[PDB]
Amino acid sequence: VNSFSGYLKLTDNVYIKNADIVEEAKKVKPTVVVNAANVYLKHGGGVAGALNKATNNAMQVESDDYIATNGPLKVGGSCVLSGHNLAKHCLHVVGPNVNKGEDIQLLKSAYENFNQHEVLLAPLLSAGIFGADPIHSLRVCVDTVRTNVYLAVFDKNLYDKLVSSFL
Ligand SMILES: O[C@@]1(CNc2ncnc3[nH]ccc23)CO[C@H]2C[C@@H]1C2
Ligand SMILES: [Cl-]
Numbered sequence: 003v004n005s006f007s008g009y010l011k012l013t014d015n016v017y018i019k020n021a022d023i024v025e026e027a028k029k030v031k032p033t034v035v036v037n038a039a040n041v042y043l044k045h046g047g048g049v050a051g052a053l054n055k056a057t058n059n060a061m062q063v064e065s066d067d068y069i070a071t072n073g074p075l076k077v078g079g080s081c082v083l084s085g086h087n088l089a090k091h092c093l094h095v096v097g098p099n100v101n102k103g104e105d106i107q108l109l110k111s112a113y114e115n116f117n118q119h120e121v122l123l124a125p126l127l128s129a130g131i132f133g134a135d136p137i138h139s140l141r142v143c144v145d146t147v148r149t150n151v152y153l154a155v156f157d158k159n160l161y162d163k164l165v166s167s168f169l
């Protein structure tokens, strides 16, 4: 039993809710919140820009030190950093950004990072400003993640389409 509330159960381990991941994180304080990161951990917009703003830019400061030490992530890769005031940990995961021409096949690799964590609050990878089809992202999520994932979908119209089209 965990403290996530109001989610529709898609599968044994995947749950979905129309919610602002920032507000969800501030309520639940999950062990792990997933960020829709880019390889540079430049949290300018989308989910990343919103999560960073909620940390008063502390996420960006920590991220810049991480990059200065380790260099960029790989597309499909991840790193674990602090969750600041939002969660214990933030798993920064880089899905392919279609608006950059990155291979959508890397989306499965991106979701595989979730399997290293028993429970996660997460957005759909590569959705929104990363330019992938969110229906496809949900399908890859369900077919790849085996741990318990609670998906927050900000757009209510998108949330309804994801549920009504789910196979
Ligand atoms: O859910 C999407 C990804 N962006 C987010 N998801 C959850 N909480 C969020 N908080 C801020 C941004 C944000 C996927 O497609 C459309 C609907 C949005 C963009
Ligand atoms: Cl977005």
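In PDB author numbering, the protein residues as written are 3 to 169. By construction, the Cβ of each residue, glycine as well, lies at the ideal position given by its N, Cα and C atoms.
Bridge-paired residues (DSSP) for residue i
| i | result |
| --- | --- |
| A154 | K19 |
| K11 | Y17 |
Terminal residues of the beta strand (DSSP E) in which residue i lies
| i | result |
| --- | --- |
| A124 | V121 to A124 |
| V95 | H91 to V95 |
Beta-carbon spacing of residue i, residue j below 8 angstroms
| i | j | result |
| --- | --- | --- |
| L126 | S139 | yes |
| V35 | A27 | yes |
| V49 | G133 | no |
| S80 | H91 | no |
| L10 | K19 | yes |
| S65 | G97 | no |
| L75 | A39 | yes |
| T146 | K110 | yes |
| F6 | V30 | yes |
| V142 | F116 | no |
Where the alpha helix (DSSP H) containing residue i begins and where it ends
| i | result |
| --- | --- |
| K102 | Here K102 belongs to no alpha helix (DSSP H), and DSSP marks it neither H nor E. |
| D145 | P136 to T146 |
| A112 | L108 to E114 |
Integer-rounded CB distance, given that residue j should sit under 8 angstroms from residue i
| i | j | result |
| --- | --- | --- |
| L53 | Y68 | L53 to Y68, Cβ: 15 angstroms. No contact. |
| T33 | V121 | 6 angstroms |
| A154 | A21 | 4 angstroms |
| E104 | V144 | Contact doesn't hold; Cβ gap of about 22 angstroms is too wide. |
| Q62 | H45 | 5 angstroms |
Next on the checklist: Quick check on the DSSP output: what are the complete beta strand (DSSP E) runs of length 3 or more inside the stretch 19-90, in order along the chain?
Outcome noted: 34-38 and 80-84
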